[PDB]
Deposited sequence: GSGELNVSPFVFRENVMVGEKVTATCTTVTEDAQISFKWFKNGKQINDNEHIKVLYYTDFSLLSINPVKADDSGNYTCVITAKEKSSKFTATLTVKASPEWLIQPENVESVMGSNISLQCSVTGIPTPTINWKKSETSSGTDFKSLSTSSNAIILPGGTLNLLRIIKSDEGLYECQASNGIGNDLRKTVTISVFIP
């Protein structure tokens, strides 16, 4: 003779552009209930790419297409004539890397410090690592370790460049979601 909201869960790997549903019902049939949905304690109302379907014994929350904004806790509250119960589940929208500043081919003078921007956006925030050809056919790629500093935002700083610093450089962006972003650029060094 009690009232319990049946637990609901969102699927693990939800990504932007996909569809997300959530179903709220009671554990034992009561047939005298009403529903209300909330995001972070604030009530959700049926419009705006978020649609709430009300039925006799269940309610459906629908988010389509989902954006990164839709992350948060979603709560259903059931009211049956004397008592109200709730259940809350957390939705985390993920996204594969997207380009923000692509790297570029550069031609700079010997002895100069240069920066190569490779910044992306995604959830979780992607990791950027840089590799160099060290062979101009450009099939082999190796990691970088003296005058090469990768700044935390994915920018490669090459200090006091010389002819050996020429070659093909590739930055890789990955957060374990979707496909990785990759882009190769050539660095030329010249005497002024």
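- Missing from the model, relative to the deposited sequence, are the stretches 1-2, 148-149.
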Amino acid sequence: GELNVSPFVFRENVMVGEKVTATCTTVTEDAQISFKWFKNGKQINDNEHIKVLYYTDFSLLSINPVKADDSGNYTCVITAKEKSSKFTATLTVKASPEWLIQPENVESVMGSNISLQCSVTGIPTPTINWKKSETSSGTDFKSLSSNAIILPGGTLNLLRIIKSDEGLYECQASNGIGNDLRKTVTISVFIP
From here on, numbers count along this sequence of modelled residues.
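- When the C-alpha B-factors of 127-135 and 52-60 are averaged, 127-135 comes out higher.
- The entry lists a Cα temperature factor for residue 185 that places it in the lowest third of the chain's modelled residues.
- Ranked by Cα temperature factor within the chain, residue 150 sits in the middle third according to the deposited record.
- Annotation for residue 86: C-alpha temperature factor in the lowest third relative to the rest of the modelled chain, per the entry.
- Sorting the modelled residues of the chain by their CA temperature factor places residue 3 in the middle third.
- Annotation for residue 34: CA B-factor lies in the middle third of the chain's modelled residues.
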